[PDB]
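The structure appears below as structure tokens.
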Amino acid sequence: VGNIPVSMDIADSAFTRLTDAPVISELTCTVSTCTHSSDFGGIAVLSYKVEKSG
Amino acid sequence: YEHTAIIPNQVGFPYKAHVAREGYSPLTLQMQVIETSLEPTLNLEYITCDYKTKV
């Protein structure tokens, strides 16, 4: 039943810094195959080069 | 899935059938035939033997 609502006061260690993160370049997401009702369903190919990995 | 096709009834001629399901590469089934003989259901009404007179 229902939908459990909740606020999550997240810690700054969870808020891992965006400037301190590796930056990826040129993301293109290509959905290869979609099932209309499955569990996994969508095979999507995010093609995006990595100026900074991680 | 469950494909259905009609291969030719001329044996030797290979029959491709590329079935494409979800997430699989196209499975091309190869059909080949040999010896599909007819065998009609019959019933004898003769023996076909020669006569022999007993005198």
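Residue numbers (PDB author numbering), protein chains in the order written: chain B, 273 to 326; chain D, 1 to 55. Virtual Cβ for every residue (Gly too), placed ideally from N, Cα, C.
Which whole-angstrom value describes the C-beta separation of residue 302/B and residue 317/B, a residue pair presumed to lie in contact below a C-beta threshold of 8 angstroms?
Against the first sequence, residue 302/B aligns to sequence position 30. Against the first sequence, residue 317/B aligns to sequence position 45. Confirmed, about 4 angstroms.
Using a beta-carbon distance below 7 angstroms, is residue 302/B in contact with chain D?
Position 30 of the first sequence holds residue 302/B. So no, residue 302/B is outside the interface.
Min CB distance residue 12/D to chain B below 7 angstroms:
Taking the second sequence and counting its residues from 1, the one referred to as residue 12/D is at position 12. For residue 12/D, the answer is no, since every Cβ of chain B falls outside 7 angstroms of its Cβ.
Just verifying my parser: in three-state terms, what is the DSSP assignment at residue 36/D?
Reading the second sequence from its first residue, position 36 is the one you call residue 36/D. Three-state result, residue 36/D: coil.
In this structure, what does DSSP give as the bridge partners for residue 17/D?
Locating residue 17/D in the second sequence gives position 17, where the first residue counts as 1. DSSP lists 29/D as partners of residue 17/D.
May I have the straight-line CA-CA distance separating residue 31/D from residue 2/D, to the nearest angstrom?
Here residue 31/D refers to the residue found at position 31 when the second sequence is read from its first residue. Here residue 2/D refers to the residue found at position 2 when the second sequence is read from its first residue. Going from the Cα of residue 31/D to the Cα of residue 2/D covers about 15 angstroms.
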